[PDB]
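These notes concern the structure reproduced below.
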Amino acid sequence: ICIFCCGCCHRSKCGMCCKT
């Protein structure tokens, strides 16, 4: 599963990070 980026580092907006 993509690393849900809940405003951790990138955009404040939470969203799964499907980056290899």
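Every chain in the structure tokens takes a letter, A first, then B, and so on in the order presented; its residues are numbered from 1, and the ligands are numbered from 1 following the presented order.
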Problem set entry | Spatial neighbours of residue A:14, 6 Å, only C-alpha atoms, chain gap at least 3 places, as a list in words | residues 5, 6 and 7 of chain A
Output the selection as a compact mmCIF listing (two decimals), in the first residue's frame - N, CA, C and O atoms for each residue.
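The result, written out as result11.txt:
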```
# COMPACT_ATOMS: atom_id res chain seq x y z
N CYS A 5 0.66 9.84 2.88
CA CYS A 5 1.35 11.05 3.31
C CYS A 5 0.36 12.06 3.87
O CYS A 5 -0.06 12.99 3.19
N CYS A 6 -0.03 11.85 5.13
CA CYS A 6 -0.98 12.73 5.78
C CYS A 6 -0.30 14.02 6.25
O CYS A 6 -0.29 14.34 7.44
N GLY A 7 0.25 14.75 5.29
CA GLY A 7 0.92 16.00 5.59
C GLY A 7 2.13 15.81 6.48
O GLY A 7 2.36 16.60 7.40
```
Exercise. DSSP says strand (DSSP E or B) for which residues of chain A? Put them as JSON, numbers by chain?
Worked result: {"A": [3, 4, 5, 6, 14, 15, 16, 17]}
Written file, previous selection with C-alpha atoms, as a short mmCIF file (atom, residue, chain, number, x, y, z; two decimals), in the first residue's frame:
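File written: part.cif
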```
data_model
loop_
_atom_site.label_atom_id
_atom_site.label_comp_id
_atom_site.auth_asym_id
_atom_site.auth_seq_id
_atom_site.Cartn_x
_atom_site.Cartn_y
_atom_site.Cartn_z
CA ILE A 3 2.64 5.43 2.07
CA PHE A 4 -0.27 7.61 3.12
CA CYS A 5 1.35 11.05 3.31
CA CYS A 6 -0.98 12.73 5.78
CA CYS A 14 -3.16 13.84 3.31
CA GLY A 15 -2.76 11.34 0.48
CA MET A 16 -1.17 7.96 -0.18
CA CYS A 17 2.31 8.22 -1.71
#
```
